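Top line first, the protein sequences correspond to chains A and B.
Quick note: the first sequence, position 57, residue 57 per the numbering used here, numbers continuous.
Each position in the second sequence, counted from 1, maps to that position plus 1000 in the numbering used here.
Just so it is clear, CB atoms sit at the ideal spot from N, CA and C, and this is done for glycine as well.
What follows is a set of notes on a single structure, which appears directly below.
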Amino acid sequence: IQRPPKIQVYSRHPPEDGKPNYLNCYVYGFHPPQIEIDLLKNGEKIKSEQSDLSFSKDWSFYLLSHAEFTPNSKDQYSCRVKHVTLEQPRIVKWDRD
Amino acid sequence: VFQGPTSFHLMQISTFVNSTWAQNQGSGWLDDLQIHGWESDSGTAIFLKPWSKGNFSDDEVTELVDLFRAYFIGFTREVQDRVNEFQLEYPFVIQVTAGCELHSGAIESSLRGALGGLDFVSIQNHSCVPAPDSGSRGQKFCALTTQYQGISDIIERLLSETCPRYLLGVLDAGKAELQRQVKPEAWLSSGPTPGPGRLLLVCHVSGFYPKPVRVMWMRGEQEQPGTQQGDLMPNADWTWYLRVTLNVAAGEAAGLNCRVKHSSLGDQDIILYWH
Ligand SMILES: *[C@@H]1O[C@H](CO[C@@H]2O[C@@H](C)[C@@H](O)[C@@H](O)[C@@H]2O)[C@@H](O[C@@H]2O[C@H](CO)[C@@H](O[C@@H]3O[C@H](CO)[C@@H](O)[C@H](O[C@H]4O[C@H](CO)[C@@H](O)[C@H](O)[C@@H]4O)[C@@H]3O)[C@H](O)[C@H]2NC(C)=O)[C@H](O[C@@H]2O[C@@H](C)[C@@H](O)[C@@H](O)[C@@H]2O)[C@H]1NC(C)=O
Ligand SMILES: CCCCCCCC/C=C\CCCCCCCC(=O)O[C@@H](COC(=O)CCCCCCCCCCCCCCCCC)COP(=O)([O-])OCC[N+](C)(C)C
Ligand SMILES: *[C@@H]1O[C@H](CO)[C@@H](O)[C@H](O)[C@H]1NC(C)=O
């Protein structure tokens, strides 16, 4: 059975402009396990680290992608996910709020 | 009241793409905390924590590693050869967890297997039980395990003898870290406007450890019934992040607060006021 990925984006610590922090992209509930996850800065790829592949009690997969970032009123950050069940790469923007 | 994880599991993810291409990914976990990685090519374990070997000797760990390395190689070969017999069609994913779990008192053990993302079999108490949906293919597999008594005996040993010992040893070895109390950071924001005259009030709770937590929107003392419990999501440092949301009228947001209860805080909840 095929299941689409769910995506959430969030910061490790309370965001504060100009203050170093981590941006997390959590992608879960998906099947099969092949997947491409990239965090983005203004629609462009920054270096991130990706957890080892794992799965939940119902067998659906999850991954945590995370990177250092410094938020500010100007820059936009997002997470971009490529999966066989997605016609086009899905982008979820960091909504600080 | 017992703090931190109560279970250990080996985890296998095996992808079969075609007659010549298959991939295994392996790891070891205490509940949802990874304590082992696995380098597939060489069949090398990665000891993520100072206490990842629990109370086991190096020689015992090495034997177990040699064993898992041989297993992956054999598992792959066997599935490849039996693709037609079990009428499997490429591409296909097999998932396996094997390990054991504390229950307030006798430790329980089992191996669970999945195919195509669905319950396929479970193996416990020197018995194979195919999942109710697994069909003839399930019954065939269980029949097969009785042709493989050596492999079955190794697995039952691992489940009933080795694992209970390992779990108790490793909870003791990593006790300080596994039962540490880390206080959450909390903050409020207002999310994307959901409709005319309404606010999305979001309470963010991050960095707490252990996992159990209770976050609730309040007005004074009354719990708000609109409170939306987000899912626990992991951070990269063995803590978790949670969003708790409230969809409320704009002229009613005044006097609301988010109440955070967590074991690290004792009886004094953290409170955050909206204004
Ligand atoms: C790793 O730890 C395992 C878990 O042990 C417990 O937790 C650890 C952290 C520590 O607190 C231990 O004290 C805990 O027991 C070890 O396995 C356990 O070993 C103990 C022996 O120390 C087993 O127990 C015995 O059970 C026997 C079965 O009937 C009893 O005969 C015996 O009772 C006698 O001894 C006690 C004194 O301890 C007296 O009070 C009694 O009067 C009586 O004379 C013991 O109670 C226990 O069953 C094991 N638990 C599990 C889940 O398997 C383990 O120790 C190794 O493995 C066991 C099976 C034995 O072979 C040990 O000799 C051996 O060292 C550790 N594993 C490793 C690799 O070190
Ligand atoms: C500490 C680091 C952690 C690392 C992570 C490890 C991840 C492993 C995860 C889970 C596995 C848990 C059990 C491992 C036990 C070891 C097994 C063993 O005895 O190991 C066996 C395995 O061989 C096999 O044949 C594997 C059996 C698999 C059979 C599957 C065929 C079914 C096909 C049909 C498909 C239908 C769908 C399937 C559903 C899925 C159900 C499974 C061999 O030995 P050994 O004596 O030569 O040895 C000697 C050591 N050296 C050689 C290295 C020197
Ligand atoms: C199998 O998969 C690989 C890529 O994963 C490909 O190169 C190869 O041509 C495929 N087909 C066969 C018959 O091996």
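Boundaries of the beta strand (DSSP E) harbouring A1249(B): 1240-1249, taken from the DSSP string. Here the residues close to ligand 3, judged by CB distance below 7 angstroms to any of its heavy atoms, are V1017(B), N1018(B), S1019(B), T1020(B), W1021(B) in chain order. Put simply, of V1205(B), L1064(B), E1156(B), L1144(B) the residue whose alpha carbon is nearest the alpha carbon of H1262(B) is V1205(B).
Taken atom to atom, the span from the alpha-carbon of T1227(B) to that of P4(A) is near 26 angstroms. Contact between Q1124(B) and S1109(B) holds: their C-beta atoms lie close to 7 angstroms from each other, under 8 angstroms.
When Cβ-Cβ separations below 9 angstroms define contact, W94(A) makes no contact with chain B. At least 9 angstroms separates the CB of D38(A) from every CB of chain B.
Residues of chain B whose Cβ lies closer than 8 angstroms to the Cβ of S78(A) do not exist; the shortest such Cβ separation is about 15 angstroms.
Within the same chain, and ignoring the five residues on either side of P20(A) in sequence, the residues whose Cβ sits closer than 6 angstroms to its Cβ are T70. With the criterion set as a beta carbon lying under 9 angstroms from some beta carbon of chain A, the members of the segment 1180-1199 of chain B are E1185, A1186, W1187, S1189, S1190, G1191, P1192, in sequence order. Identification of chain B residues near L64(A) by a Cβ-Cβ cut-off of 7 angstroms yields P1234, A1236, ordered along the chain.
The nearest non-hydrogen atom of ligand 2 is 8 angstroms or more from the C-beta of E1161(B). With respect to chain A, the C-beta atom of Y1241(B) has a partner C-beta closer than 9 angstroms.
Taking the Cα positions, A1253(B) is about 30 angstroms away from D75(A). For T1006(B), no chain A residue has a Cβ inside 9 angstroms of its Cβ, as the nearest lies near 14 angstroms away. The beta carbon of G1169(B) sits no closer than 9 angstroms to any beta carbon of chain A. Around the CB of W1051(B), 16 or more other CB atoms lie within 10 Å, so the residue is classed as buried.
With distances taken between CA atoms, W94(A) lies nearest to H66(A) out of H66(A), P32(A), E36(A).
If you check the CB distance, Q1095(B) and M1011(B) come in under 9 angstroms.
Around the Cβ of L1115(B), a 10 Å sphere holds 16 or more other Cβ atoms; the residue is buried. Any Cβ of chain A closer than 9 angstroms to the Cβ of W1217(B) would place that residue at the interface, and such an atom is absent.
For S1019(B), there is no enclosing beta strand (DSSP E), since its DSSP letter is neither H nor E. Under the DSSP definition of a beta bridge, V1182(B) partners with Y1209(B).
Taking 8 angstroms as the cut-off, the C-beta of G1105(B) does not count as close to any heavy atom of ligand 1. With a threshold of 8 angstroms, the Cβ atom of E1101(B) does not count as near ligand 2, since no heavy atom of the ligand is closer than that. Listed in chain order, the beta strand (DSSP E) runs fully inside the segment 1115-1140 of chain B are 1118-1124, 1127-1130, counting runs of at least 3 residues. Taking the Cα positions, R1112(B) is about 6 angstroms away from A1098(B). With a cut-off of 8 angstroms on Cβ pairs, the segment 1233-1250 of chain B is in contact with the segment 1193-1203 of chain B, counting three or more such pairs.
Nearest in C-alpha terms to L40(A), of all of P89(A), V9(A), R80(A), is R80(A). Boundaries of the beta strand (DSSP E) around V27(A): 21-30. Interface annotation for the segment 1033-1056 of chain B against chain A: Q1034, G1037, criterion Cβ-Cβ distance under 7 angstroms.
Under the three-pair Cβ rule at 8 angstroms, the segment 1049-1067 of chain B counts as touching the segment 1169-1189 of chain B.
DSSP, reduced to helix, strand and coil, places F69(A) within a strand of the structure shown.
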